[PDB]
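Report on one structure; see the data block that follows.
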Amino acid sequence: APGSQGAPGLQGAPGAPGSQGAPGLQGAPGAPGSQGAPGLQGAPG
Amino acid sequence: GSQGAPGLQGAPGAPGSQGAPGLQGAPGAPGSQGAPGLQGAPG
Amino acid sequence: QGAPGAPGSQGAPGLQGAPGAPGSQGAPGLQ
Amino acid sequence: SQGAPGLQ
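Printed below as a string of structure tokens:
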């Protein structure tokens with residue numbers, strides 16, 4: 197039985213990228229925010 | 199005769215879970231904050 | 162095997178996944 | 185070519 201090949205050394209195949217490489221955006225990083233500049237109405241007495 | 203068809207399925211490359219793109223979340227508006235109180239100037 | 166004389170030295174080098182961390186950049190204030 | 189058992 198002379199030489200020959202066979203199954204891969206590693207089955208693998210997907211190579212590297214995709215859900216490996218670019219699995220997409222991570223947890224939504226967000227912060228709240230203020231609104232404006234009230235309380236200048238100022239109607240004393 | 200080597201006739202064994204090495205297992206060249208797809209890509210032999212074997213890295214793992216490369217960094218995915220970054221999401222953006224709650225875009226709060228850092229306006230200005232306080233209590234809208236009157237009395238600012240009693241004449 | 163196939164008598165792979167060629168060493169294959171790091172034929173599959175690493176990958177540059179260190180890029181990332183989108184938490185950079187400054188920010189204008191209000192004044 | 186060089187006739188021999190096939191390979192992939």
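So the protein lines, in turn, are chains L, N, O and I. Going letter by letter, the first sequence gives residues 197 to 241 in the authors' numbering. Going letter by letter, the second sequence gives residues 199 to 241 in the authors' numbering. Going letter by letter, the third sequence gives residues 162 to 192 in the authors' numbering. Going letter by letter, the fourth sequence gives residues 185 to 192 in the authors' numbering. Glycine included, C-beta positions come from ideal geometry on N, C-alpha and C.
Going by beta-carbon coordinates alone, are residue i and residue j separated by less than 8 Å?
{"i": "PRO210/L", "j": "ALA209/N", "result": "yes"}
{"i": "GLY223/N", "j": "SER200/L", "result": "no"}
{"i": "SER230/L", "j": "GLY229/N", "result": "yes"}
{"i": "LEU221/L", "j": "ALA212/N", "result": "no"}
{"i": "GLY178/O", "j": "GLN216/N", "result": "yes"}
{"i": "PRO240/N", "j": "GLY241/L", "result": "yes"}
{"i": "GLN192/I", "j": "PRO204/N", "result": "yes"}
Any beta carbon of chain O sitting closer than 8 Å to that of residue i?
{"i": "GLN207/N", "result": "no"}
{"i": "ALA212/L", "result": "yes"}
Going along chain O, which residues have a C-beta under 8 Å from residue i?
{"i": "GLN216/N", "result": "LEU176, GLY178"}
At a CB-CB cut-off below 9 Å, which residues of chain O make contact with residue i?
{"i": "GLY199/L", "result": "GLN162, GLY163, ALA164"}
{"i": "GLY220/N", "result": "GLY181, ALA182, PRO183, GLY184"}
Just the chain N side, please: which residues come within less than 8 Å of residue i by C-beta, in chain order?
{"i": "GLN192/I", "result": "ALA203, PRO204, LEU206"}
Are the C-beta of residue i and some C-beta of chain N separated by less than 8 Å?
{"i": "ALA173/O", "result": "yes"}
Within the present structure, is the beta-carbon of residue i separated from the nearest heavy atom of the ligand HEM by less than 7 Å?
{"i": "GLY235/N", "result": "As presented, the structure is devoid of all ligands, the ligand HEM included, so that no description of it is given."}
What is the DSSP secondary structure of residue i, reduced to helix, strand or coil?
{"i": "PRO189/I", "result": "coil"}
{"i": "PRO225/L", "result": "coil"}
{"i": "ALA209/N", "result": "strand"}
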